[PDB]
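For reference, the structure is listed below as structure tokens.
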Amino acid sequence: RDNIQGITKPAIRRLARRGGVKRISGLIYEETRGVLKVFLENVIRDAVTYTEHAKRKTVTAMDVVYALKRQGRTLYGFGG
Amino acid sequence: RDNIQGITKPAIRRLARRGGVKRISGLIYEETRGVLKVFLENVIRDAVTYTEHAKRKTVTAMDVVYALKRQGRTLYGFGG
Amino acid sequence: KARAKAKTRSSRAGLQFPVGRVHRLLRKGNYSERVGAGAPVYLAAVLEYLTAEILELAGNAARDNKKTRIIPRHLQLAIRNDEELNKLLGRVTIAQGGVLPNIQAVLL
Amino acid sequence: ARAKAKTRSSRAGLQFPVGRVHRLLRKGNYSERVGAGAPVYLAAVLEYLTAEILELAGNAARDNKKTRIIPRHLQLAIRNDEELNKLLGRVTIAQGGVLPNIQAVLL
Amino acid sequence: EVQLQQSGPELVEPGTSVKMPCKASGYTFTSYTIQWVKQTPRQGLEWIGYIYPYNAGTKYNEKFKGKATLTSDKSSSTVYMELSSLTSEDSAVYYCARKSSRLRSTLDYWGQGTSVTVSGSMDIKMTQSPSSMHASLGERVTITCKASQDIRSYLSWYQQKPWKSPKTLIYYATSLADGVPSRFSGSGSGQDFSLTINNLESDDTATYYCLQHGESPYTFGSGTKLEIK
Amino acid sequence: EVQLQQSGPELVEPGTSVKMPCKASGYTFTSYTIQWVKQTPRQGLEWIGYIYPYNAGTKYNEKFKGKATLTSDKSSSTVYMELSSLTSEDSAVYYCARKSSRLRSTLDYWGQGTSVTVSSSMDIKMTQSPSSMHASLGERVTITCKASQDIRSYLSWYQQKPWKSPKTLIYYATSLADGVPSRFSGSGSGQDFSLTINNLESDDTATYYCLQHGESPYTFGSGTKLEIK
Amino acid sequence: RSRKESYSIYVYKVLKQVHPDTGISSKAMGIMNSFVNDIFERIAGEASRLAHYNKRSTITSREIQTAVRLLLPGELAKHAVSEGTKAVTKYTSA
Amino acid sequence: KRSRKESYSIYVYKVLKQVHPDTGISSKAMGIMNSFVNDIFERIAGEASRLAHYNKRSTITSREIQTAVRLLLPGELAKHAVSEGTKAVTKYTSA
Amino acid sequence: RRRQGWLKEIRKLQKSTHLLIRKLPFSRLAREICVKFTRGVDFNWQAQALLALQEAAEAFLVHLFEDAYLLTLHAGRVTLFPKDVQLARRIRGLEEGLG
Amino acid sequence: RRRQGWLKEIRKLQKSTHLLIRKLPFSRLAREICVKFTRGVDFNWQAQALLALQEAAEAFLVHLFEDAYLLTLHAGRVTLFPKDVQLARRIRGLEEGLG
DNA sequence: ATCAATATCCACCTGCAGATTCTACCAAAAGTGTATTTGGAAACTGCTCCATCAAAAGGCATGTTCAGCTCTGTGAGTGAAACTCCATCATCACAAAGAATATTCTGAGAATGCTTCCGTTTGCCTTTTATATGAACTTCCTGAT
DNA sequence: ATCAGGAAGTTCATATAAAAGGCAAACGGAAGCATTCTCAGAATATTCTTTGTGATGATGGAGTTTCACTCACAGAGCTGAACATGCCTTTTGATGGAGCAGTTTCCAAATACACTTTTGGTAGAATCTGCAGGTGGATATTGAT
């Protein structure tokens, strides 16, 4: 079982119900997994760039917050 | 005749054809004039703020470029 | 000799936020070569006003939820039920804040 | 009475001014002090990006059977490219026009 | 400028229902609440409620639950008001006022007024200690607005010339409104509040109201009628 | 990693058509062109064309204009190549190569190839000056690819094991590719270029090609067979 | 360990004068700290950019005022300008 | 006195005369290239300034410029810009 | 006998680069909008300031028509309605959308 | 006799604030994505780093489902299709959209 | 137009996780002179924007027609929500280990500061050339049958 | 498959606006030397991440049904594009002109600098307390005659 399949169908359905979606096509789950993979690749690449420039081997919450902040996705509640 | 009516129907139609629109509803012209008025209010307010802080009475091209640049609408070809 | 006792310039400005700390952060943040005397006063006043506005709206939301303590959902509701605060914190996600209860009217 | 002066651009093998980039880094309020290799590295990156866009725009000008690069040629060179379009995403090029884009349903 | 265009009077029958528009222009319509005020000349000014067109959120006074229903239209920039089950006490002037969602903002701009002519304990009492006074043409006038509970500084002052809409004088108990001269000055916090005119003129002959908006049922003052020779 | 999956070998008839896939994975599919290379063992490597899946833009060699058609599918990350009017001079291996839209990038990653057996011009020429050489396990070997017109360092080097896909050694006439050891070294600009290997092994027994991509019909070299003793 | 300063006691002083009988969770206090740092760096960056545009070396209260007027939307900017102005005017007479 | 009014125009022209020896450029296109160079300069220098401030440094070096390039440029563009800047600082320190 | 000309109009307007709104109507529109912020004072305008603001305005409008016509084609229509432009401004957000 | 529960599910999930993706599957997904950028080296992760990245990921996904379901309702449908999500990512742009 | 069942909401007990309160102490803010320097004010200048007249033709306004579109309803077929039951995987708690991060001190290379000189850049004139415009020629591709 | 004929590409004059080329001044970059000071390296304490294991119940997975949705089609009615014709705002251009933005000097109030003293903010303790979980009555659907 691949790790992208750990994002299960009830979790994607639950995210869509919090988004207010009444009915959910069966083809939307692989679409959502692909979108989540693209998002996490773009955030984790910048967070690893900040971590490697700081000469560390631990990705920190501030590295994630800086990676999100430079993509126009400012997150409150984890420092900064 | 109001100055927003100087944005004529052939000009709005011509902008929509450059946008690639095949058919154009008759209700779209007042919609386009309202959107253009909102855009120009938001740009001209910041450009006047830059002009007044510089203690001038002439809105300059750099004031317009700074007003656009701080709204995420960077314009090339007028300085800066 | 007759050295007078120190008054904080936050208390001189009538403020709660630290004018001296704001001045040090402006001076060390590589913003300009020099910082005027009234700039950290003005900036501490603006930051205190924004803090007071959001905390008062979040406390009203907490009281409307019949609660005493302000949690992140109360800040989420206070900011997203307001056009100007939502425009200010537009590209801002608040952790553990949730969403507004919005159901589209055609589904009902 | 001293040695013959060499520019840092010619010492680094570059065309963009390392001395001007260094002076702009000093006067732009970015840090308290600026290292020696930082304006060299930055002038090299700016020269690479300038060369890439000018070569693509010159290819677009030659494909238009023209020998002078215009803002339309810069617009075509930037917008026909994934990475340059992502770099200059929120950028408007004046007198650049749009790409020819007719949706296939209409044909 | 900011104008809140409001309809003309109506001569209606009891038991019916009246809608009235508050078509607003000159500003971004969703950024501001539109508040509604009833003016009976037996009970003064009374706050009915508001709608906030950004999210269609409403809040009503408890005296008007079920009687008033507020709706909005983003396309026409218009706020309507239902008045169901009309009785003899529902014969008044109904104003619509423009108020920001800022906590220290007040009723900035008012509608023309709609004259409808038919054919509670936990509130904050606002006690103006002079009900009426007489004045010369340059002496000092001071009006107090003693409050029941602790509003912090959320108190505003209005003047109303007869058969006209109220005009905002002072907001946040000290700050002057736009276009108001420095002859008007406000003071106080907590429960003691004051309104002061320095150089009395001819146009300062009106009724001067105080409004609190610190707690969610907004209450006006009883009014103070100022006659100037 | 980046991998370009490609179909198996096909045995077809003249006058028919072949649509072969280039299913790609491991990268953002629209950011890179997919180039197509024909390999006959009498004319060497020949460039056919590319599609750029970002905007479906194509460009073809003049020898294959009308013979070849390139299409792409973003949902499957697959590029197809259609060959029409199959002839006896089509018995070749058709590679699909991954190339960035950067001007100094080269054919980075290759497919395994598809053997297609049909059962019965004012461009730049690249000149491998050695055609075959002999060397022992420690000698230094130079290989030159003198060009025809002009290419300002837009030259790349490849090695190919027998019945394998080519591997990128050097791009931009001096830069090492990813995973290539420092034994390989390239030099030159303009028209004279060179490739050098320092410490030979049995891994250095291949056919060494030079590719120019300075001008729009891309041209490979004739080939140089180096073998170890 | 390091000192790790924040705005938490100042946000708490503001909270217990806008609502005297209301507490705040530590996560909400961290969000308010992030908010204050974000608006600080936003206003200070805009004022720095203004002073560089007008060839000035000093950031003053006038640069802070016009950065507030550029960055805050609507009536929020007007009340923040009035608060900053009254704080500067009662600071100079002290 | 008319002021200095410096630009990147002669440097962009030097780069153009070695990527295309027979192609000219119009004045509006030269203004757009000047705006491009200023925008990318400010973007990289601001990101390197934020890097040096995050890591509590007073100095912007070529390592800060390198990681700002890796953060700001997408894809292979960052890879070739990093190789170009590394080659230039190697040639500079060797002389 | 009426022939179609929308396809030729789109193909010539997508290769031209000139401004599509007339300069003097756009200029007096921008000056009327500028009067309402300067407290009644008439500011002056450089010619390049008005040209820069017209370039920005027309680029904004053309990109908004492209994004709204994607919504027109998504609903199975061909005719661009105002609900398409409103939904395209709603999905772009607060910064890219309104204004 | 089957009753509806989508309305109650939406009404309870729009008042809850907890994370909807499970922590350990999201954690090993993020670590597998992190391996492909660190040249095979396994970095460590703070717990707050993974929580911050999961908060950001779920907020992104919920807002994208809202913007895509506006497109579902615009086409006269009720069922969210992948073309809705693709068009919502296309209209948001390069920054707000993809990634 | 009213009864069995169930979701929703309120009254109340309480355990505890989390907020609040209290103490050194150290870093930093404030006070006090002191020397430095930036920017506001004033005089002045030349730049460029505002405004007005001729004109002229290019482009827009207006009214009609019709064909191509939108919208609404229908029916066939598809596919997603609901429901059930278990067993797999996530969560939690704890120990421990140790990898890795943060702290502290040192000195050396690198950055700055300052002075002097020279090479580069830019603004203003001076040629010269690519491209738009006009007009004649050729081809192509749709419209019609 | 063949005619009609306008749209599109091609090519030559060709003028003209715009771009390339040349010169002088000033300005800023480089060279050289002295001084300072930042940060890499090394040694080390201390946190906090990884990993393992038991428990355990929470919840996802898989299969079936059914009914609520999607999609294709047809027809009625609307409405926008095409088109013809007049005339009216836009544009060029032109002189003047004058408001005003940019330039140069000066100097004084304001800002940095440095030293010393006090004080307040923060980290680490002990102590209080709101709230979430849990168990029962009022209330408002939801079917169903």
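Numbered from 1 within each chain, the chains take letters A, B, ... in sequence-line order.
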Contact pattern, 5' to 3', of nucleotides 84-96 of chain K - B, S or - by protein heavy atom under 4.0 Å: ------SB-----
Annotated protein contacts, base or backbone, on nucleotides 7-29 of chain K with a non-hydrogen cut-off under 4.0 Å, one of B, S, - each: SS----------SSS-----SSS
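Note: NZ (C/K66) to P (L/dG130) measures 16 Å, nearest angstrom.
Nearer the 5' end of DNA chain K, as judged by each residue's closest nucleotide, is the contact made by C/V19, out of C/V19 and D/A5. Toward the 5′ end of DNA chain K lies the nearest nucleotide of I/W45, the other residue of the pair A/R17 and I/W45 mapping further downstream.
J/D84 and I/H74 share a side-chain donor-acceptor pair at under 3.5 Å.
For K/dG59, the OP1/OP2 oxygens have no side-chain nitrogen or oxygen of B/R14 closer than 4.0 Å. Regarding contacts with the backbone of L/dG80, a side-chain N or O of B/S25 is found under 4.0 angstrom from either OP1 or OP2. A close approach under 4.0 Å does not occur between any side-chain nitrogen or oxygen of J/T79 and OP1 or OP2 of L/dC69. The phosphate of K/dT38 has neither OP1 nor OP2 within less than 4.0 Å of any side-chain N or O from G/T58. Between I/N44 and K/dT48 there is no side-chain N or O to OP1 or OP2 distance below 4.0 Å. Between J/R2 and L/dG143 there is no side-chain polar atom (N or O) within less than 4.0 angstrom of OP1 or OP2. Between A/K57 and K/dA100 there is a side-chain N or O to OP1 or OP2 distance below 4.0 Å. Remark: H/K1 is not in phosphate contact with L/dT103, judged by side-chain N or O atoms under 4.0 Å from OP1 or OP2.
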Tabulate protein N/O versus nucleotide N/O from nucleotides 53-57 of chain K, keeping only pairs under 3.5 Å, one per line.
none

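An end-to-end axis angle of 100° holds for the helix from K/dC3-L/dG143 to K/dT34-L/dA112, taken from five base pairs per end and rounded to 10°. For the helix from K/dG58-L/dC88 to K/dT88-L/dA58, the end axes, each set by the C1' atoms of five terminal pairs, are bent relative to each other by 130° (nearest 10°). Recorded end-axis angle for the helix from K/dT36-L/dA110 to K/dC49-L/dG97 stands at 40°, based on five pairs per end and rounded to 10 degrees.
With hydrogens and angles left out, the side chain of D/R2 and the base of K/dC117 share a donor-acceptor pair within 3.5 Å.
Atom name P, nucleotides K/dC124 and L/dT103: the rounded distance is 12 Å, in whole Å.
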